[PDB]
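I have placed the structure first, in the form of structure tokens, so that the comments after it can refer back to it.
Basis: the model, the stated rules and, where named, an outside source; no laboratory instrument gave them. Every residue, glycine among them, receives a Cβ derived from its backbone with ideal geometry; neighbour counts consider all protein chains shown.
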Number of protein chains: 2
Amino acid sequence: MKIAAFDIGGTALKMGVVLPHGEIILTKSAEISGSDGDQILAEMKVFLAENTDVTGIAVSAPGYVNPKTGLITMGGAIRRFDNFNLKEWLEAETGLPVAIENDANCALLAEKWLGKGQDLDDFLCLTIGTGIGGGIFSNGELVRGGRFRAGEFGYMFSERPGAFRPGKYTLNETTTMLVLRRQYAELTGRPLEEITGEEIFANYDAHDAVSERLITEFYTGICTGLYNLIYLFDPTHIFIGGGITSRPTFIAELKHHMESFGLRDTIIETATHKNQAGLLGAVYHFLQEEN
Amino acid sequence: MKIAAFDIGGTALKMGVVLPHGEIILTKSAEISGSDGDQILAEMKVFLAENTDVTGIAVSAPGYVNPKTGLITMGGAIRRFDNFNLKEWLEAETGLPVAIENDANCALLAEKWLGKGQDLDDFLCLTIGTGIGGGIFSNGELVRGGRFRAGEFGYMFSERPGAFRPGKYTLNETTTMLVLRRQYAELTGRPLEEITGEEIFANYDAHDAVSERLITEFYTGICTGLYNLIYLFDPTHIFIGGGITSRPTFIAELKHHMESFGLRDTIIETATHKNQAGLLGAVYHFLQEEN
């Protein structure tokens, strides 16, 4: 058994041939322009023709996916995949068994299978980069929700909502690495495209007041979301991943900030398998489905 | 089989003899002073001696309860029940099988057993009165959490947390029937003890500006919590109960307010069995445990 795995990202499509124990024996990546579903389907077709010994296909996809039927009801950034049965498409194209699961869920499944969540029944995964991702593991099972939408952690309010559209008051729009860069551009007058997260943190470490405020507010927003999650789900562990891991000391920094809030026994630590989690979790889902 | 059921409330202890199909053939209630655990234990002993044909005991208790062992790790308002195994106490006192579950969880279980959640795998219960309660049903199972703490909906932030203790910025302290009365007392200068929720709503319906603001802010806080819950859990239904049901049109009023937020397919409606939900859910848990 050799499984063709696909992980549909924000800017790249990752692909691999994976053995049932998580050994990835071949990889391929492609930059994808403007999250164009047709380009993604084309890259898939090309990878499959190149790898004729695969016996199964496993997909990690953005948006909302019925994991049994393969119907993507909302394709995340990929409008082409709205109301698209990608499982049935791939089955028709190849004659191979296919499984599909949401991207955040797949990364959580990687954590459960091969990472730090192997023996945990109640943990969350929180991903912080350009946006916010979430996955929920409760009672030893993924929580997908009634319409496969669960885990939208970025939609939590970080402040009392005002009169602009509600999204503006949510973590997705207040508390991300992108928002930090946007704010720094506004405060300094410099072009966004020339600002890095690394420089903001470097300025922070050099006690720059503007940077201090930006980072302080960022951590407060993260703490707001963590407090909500802790009280709602009562996980034992929250694994934090994404672009934020570009800050080496971020877990220690969050714990410090959390002294004003209270972790309340919850363990916070980094997620594992940053590079391959989507592929590996897609495989885990596929392996569960084959049984 | 006749089950002695106990539901430990904020100001009353409800008691009943319940048949396995939810017919409650006898009831008794006692006002409890200052949530005194010893008084509760005394009332239990008296009810049991009065009802010698009971064959089992089912408890709905505040705080955090290990439902298999019966250990109450934190007794809610009842300090006497902190780190107290109420299951083992009752077993030793009576020789009868005993089950125990948290109060919010029991009320949700009543909804699942006999109410509006019978055929639902993903729903929440939100209780709004003097404080806020929560119960979570995901993947066809109660979510209790890693330490039996899950469902603390009142700890969600309704605004960006400030520098006072975090609780002050949570639904428990910003968005309750008690907070409404407190605010009305502050705004009018009248004593809290002389203010009713009913008068605030009556003044609201008569277009009193002060009342309008209080009610508007209350509904915004509820909408903040509902939006968070909807995105996190993706329930099909959220059942809302508690003191707030003293407002006959509150569901219609919340739906109206939610037009600025978006229910996103979620059905909101009132919880059922307001009077007996704790008793009935305690029984359901007991019946599950006996198998």
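I'd like to know if segment A:182-205 contains one or more residues that are within 14 Å of chain B (Cβ to nearest Cβ), aliphatic (A, V, I, L, M) and crowded, with 19+ Cβ neighbours inside 10 Å. Spell out the reasoning first.
Quick first cut of segment A:182-205, residues within 14 Å of chain B (Cβ to nearest Cβ) only: none.
The answer is no, given that none of the residues of segment A:182-205 is within 14 Å of chain B (Cβ to nearest Cβ), aliphatic (A, V, I, L, M) and crowded, with 19+ Cβ neighbours inside 10 Å.
Criterion first (under 20 Å from the mean Cα position of the chain (by Cα) and either closer than 30 Å to B:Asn139 by Cβ or part of a strand (DSSP E or B) (or both)) does A:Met1 satisfy it?
no
Going by what's in this entry, would B:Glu269 be described as in a helix (DSSP H, G or I) and assigned by CATH to the domain that holds B:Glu141?
Working: in a helix (DSSP H, G or I): no; assigned by CATH to the domain that holds B:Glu141: yes.
Taking the combined requirement at face value, the residue does not satisfy it.
Would you confirm, using the coordinates I've provided, whether A:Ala42 is of a type in the set (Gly, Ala, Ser), over 19 Å from the mean Cα position of the chain (by Cα), more than 27 Å from B:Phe233 (Cα to Cα) and surrounded by fewer than 21 Cβ atoms within 10 Å (Cβ to Cβ)? Give the derivation first.
Numbers: of a type in the set (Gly, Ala, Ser): yes; over 19 Å from the mean Cα position of the chain (by Cα): yes; more than 27 Å from B:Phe233 (Cα to Cα): yes; surrounded by fewer than 21 Cβ atoms within 10 Å (Cβ to Cβ): yes.
Yes: the conditions hold for A:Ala42.
If you take the residues in segment B:264-281 that are hydrophobic (A, V, I, L, M, F, W, C) and in contact with a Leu (Cβ under 8 Å, 6 or more places away or on another chain), which one is nearest to B:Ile3 (Cα to Cα)?
Taking segment B:264-281 as the starting set, the residues that turn out to be hydrophobic (A, V, I, L, M, F, W, C) are B:267-268, B:271, B:277, B:279-280.
Restricting the remaining residues to those that are in contact with a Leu (Cβ under 8 Å, 6 or more places away or on another chain) gives B:268, B:280.
Working: B:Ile268: 32, B:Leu280: 10 Å.
Among those that are hydrophobic (A, V, I, L, M, F, W, C) and in contact with a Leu (Cβ under 8 Å, 6 or more places away or on another chain), it is B:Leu280.
Could you check how many residues of segment A:159-198 are in contact with a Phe, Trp or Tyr (Cβ under 8 Å, 6 or more places away or on another chain) and not β-branched (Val, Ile, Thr)?
In the first step, residues of segment A:159-198 are kept if they are in contact with a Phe, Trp or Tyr (Cβ under 8 Å, 6 or more places away or on another chain); the result is A:159-162, A:166-167, A:169-172, A:175, A:179-180, A:190, A:195.
Among the residues that remain, those that are also not β-branched (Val, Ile, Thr) are: A:159-162, A:166-167, A:169, A:171-172, A:180, A:190.
Residues flagged as in contact with a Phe, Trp or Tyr (Cβ under 8 Å, 6 or more places away or on another chain) and not β-branched (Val, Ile, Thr) within segment A:159-198 amount to 11.
Please give the number of the condition A:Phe250 fails out of (1) over 19 Å from the mean Cα position of the chain (by Cα); (2) surrounded by 15 or more Cβ atoms within 10 Å (Cβ to Cβ).
In the conditions (1) over 19 Å from the mean Cα position of the chain (by Cα); (2) surrounded by 15 or more Cβ atoms within 10 Å (Cβ to Cβ), A:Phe250 misses (1) alone.
Looking for something in a strand (DSSP E or B), out of contact with any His (no Cβ under 8 Å at 6 or more places or on another chain), within 14 Å of another protein chain (Cβ to nearest Cβ) and not hydrophobic (A, V, I, L, M, F, W, C) - is there at least one such residue anywhere in segment B:226-236?
Initially, segment B:226-236 is screened for residues in a strand (DSSP E or B), giving none.
Checking segment B:226-236: not a single residue is in a strand (DSSP E or B), out of contact with any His (no Cβ under 8 Å at 6 or more places or on another chain), within 14 Å of another protein chain (Cβ to nearest Cβ) and not hydrophobic (A, V, I, L, M, F, W, C).
Quick one: in segment A:21-49, of everything that is without any contact (Cβ under 8 Å) to a residue 12 or more places away in the chain and assigned to a loop (DSSP other than H, G, I, E, B), which residue is nearest to A:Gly76 (Cα to Cα)?
Among residues in segment A:21-49 that are without any contact (Cβ under 8 Å) to a residue 12 or more places away in the chain and assigned to a loop (DSSP other than H, G, I, E, B), the one nearest to A:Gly76 (Cα to Cα) is A:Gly34.
Scan segment A:11-44 for residues that are of a type in the set (S, T, N, Q) and either assigned by CATH to the domain that holds A:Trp113 or more than 20 Å from A:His285 (Cα to Cα) (or both) and jot them down. Working first, answer last.
If we filter segment A:11-44 for residues that are of a type in the set (S, T, N, Q), which is where we start, we get A:11, A:27, A:29, A:33, A:35, A:39.
Residues satisfying the conditions are A:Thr11, A:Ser29, A:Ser33, A:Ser35, A:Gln39.
Which members of segment B:151-173 meet the condition of being in contact with a helix residue (DSSP H, G or I) (Cβ under 6 Å, 6 or more places away or on another chain), more than 9 Å from chain A (Cβ to nearest Cβ) and not small (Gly, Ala, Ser)?
Listed by number, the residues that qualify are B:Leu171, B:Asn172, B:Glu173.
Looking at B:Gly56, B:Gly16, B:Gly76 in this structure, which one is in contact (Cβ under 8 Å) with a residue 12 or more places away in the chain and within 24 Å of A:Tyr231 (Cβ to Cβ)?
Working: B:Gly56 fails: within 24 Å of A:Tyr231 (Cβ to Cβ); B:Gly16 fails: within 24 Å of A:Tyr231 (Cβ to Cβ).
Only one candidate qualifies: B:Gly76.
A quick yes/no check of all residues on (1) of a type in the set (A, V, I, L, M, F, W, C); (2) touching a helix residue (DSSP H, G or I) at 6+ places or on another chain (Cβ under 9 Å); (3) in a helix (DSSP H, G or I):
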{"residue": "B:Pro67", "(1), (2), (3)": "no, yes, no"}
{"residue": "B:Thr73", "(1), (2), (3)": "no, no, no"}
{"residue": "B:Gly76", "(1), (2), (3)": "no, yes, no"}
{"residue": "B:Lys87", "(1), (2), (3)": "no, no, yes"}
{"residue": "B:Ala92", "(1), (2), (3)": "yes, no, yes"}
{"residue": "B:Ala99", "(1), (2), (3)": "yes, yes, no"}
{"residue": "B:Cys106", "(1), (2), (3)": "yes, yes, yes"}
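Please tell me if B:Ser60 is in a loop (DSSP other than H, G, I, E, B), polar (S, T, N, Q) and in contact with a helix residue (DSSP H, G or I) (Cβ under 9 Å, 6 or more places away or on another chain). First the steps, then the outcome.
Working: in a loop (DSSP other than H, G, I, E, B): no; polar (S, T, N, Q): yes; in contact with a helix residue (DSSP H, G or I) (Cβ under 9 Å, 6 or more places away or on another chain): yes.
For B:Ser60, the condition - in a loop (DSSP other than H, G, I, E, B), polar (S, T, N, Q) and in contact with a helix residue (DSSP H, G or I) (Cβ under 9 Å, 6 or more places away or on another chain) - is not met.
For the subset of segment B:215-225 comprising residues that are farther than 27 Å from B:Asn275 by Cα and surrounded by fewer than 23 Cβ atoms within 10 Å (Cβ to Cβ), which member is farthest from the other protein chains (Cβ to nearest Cβ)? Give the steps one after another, and end with the answer.
Restricting attention to segment B:215-225, the residues satisfying the condition of being farther than 27 Å from B:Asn275 by Cα are B:216-217, B:220, B:224.
Keeping just the survivors that are surrounded by fewer than 23 Cβ atoms within 10 Å (Cβ to Cβ) gives B:216-217, B:220.
Values: B:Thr216: 12, B:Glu217: 9, B:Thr220: 7 Å.
If we take residues in segment B:215-225 being farther than 27 Å from B:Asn275 by Cα and surrounded by fewer than 23 Cβ atoms within 10 Å (Cβ to Cβ), then B:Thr216 is farthest from the other protein chains (Cβ to nearest Cβ).
Mind checking which residues of segment A:128-150 are in a loop (DSSP other than H, G, I, E, B) and more than 7 Å from chain B (Cβ to nearest Cβ)? Reasoning before the result, please.
Let us first name the residues in segment A:128-150 that are in a loop (DSSP other than H, G, I, E, B), namely A:129-131, A:139-140, A:143-150.
Result: A:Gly129, A:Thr130, A:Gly131, A:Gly140, A:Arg144, A:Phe148.
Report yes if A:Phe239 is in contact with a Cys (Cβ under 6 Å, 6 or more places away or on another chain), surrounded by 17 or more Cβ atoms within 10 Å (Cβ to Cβ) and not assigned by CATH to the domain that holds A:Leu86, otherwise no. Let's see the steps before the verdict.
Values: in contact with a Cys (Cβ under 6 Å, 6 or more places away or on another chain): yes; surrounded by 17 or more Cβ atoms within 10 Å (Cβ to Cβ): yes; not assigned by CATH to the domain that holds A:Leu86: yes.
Yes; evaluated as a whole, the condition is true for this residue.
In segment A:275-289, is there at least one residue being hydroxyl-bearing (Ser, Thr, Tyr) and not in a helix (DSSP H, G or I)?
Step one: filter segment A:275-289 for residues hydroxyl-bearing (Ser, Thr, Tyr), giving A:284.
Of the ones still in play, those that are also not in a helix (DSSP H, G or I) are none.
There is no residue in segment A:275-289 that is hydroxyl-bearing (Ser, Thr, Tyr) and not in a helix (DSSP H, G or I).
Considering only residues of segment B:151-204 that are in a helix (DSSP H, G or I), among the aliphatic types (A, V, I, L, M) and touching a residue at least 24 places away in the same chain (Cβ under 8 Å), which is nearest to B:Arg247 (Cα to Cα)? Break it down into steps so the answer makes sense when it comes.
Just the residues of segment B:151-204 that are in a helix (DSSP H, G or I), to begin with: B:153-155, B:166-169, B:171-174, B:177-188, B:192-194, B:197-204.
Imposing the further condition that a residue be among the aliphatic types (A, V, I, L, M) reduces the set to B:171, B:177-180, B:185, B:187, B:192, B:200, B:202.
Filter once more, so that each one left must be touching a residue at least 24 places away in the same chain (Cβ under 8 Å): B:171, B:177-180, B:187.
Values: B:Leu171: 19, B:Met177: 11, B:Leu178: 14, B:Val179: 16, B:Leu180: 13, B:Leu187: 21 Å.
In this case the residue turns out to be B:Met177.
Return the residue satisfying two criteria in turn: it lies in segment A:113-127 and is among the charged types (D, E, K, R) and within 14 Å of chain B (Cβ to nearest Cβ), and of such residues it is surrounded by the most Cβ atoms within 10 Å (Cβ to Cβ).
First, the residues of segment A:113-127 that are among the charged types (D, E, K, R): A:116, A:119, A:121-122.
Next, from what is left, pick out any that are within 14 Å of chain B (Cβ to nearest Cβ): A:119, A:121-122.
Working: A:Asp119: 7, A:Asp121: 15, A:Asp122: 22.
Checking each candidate, the answer is A:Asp122.
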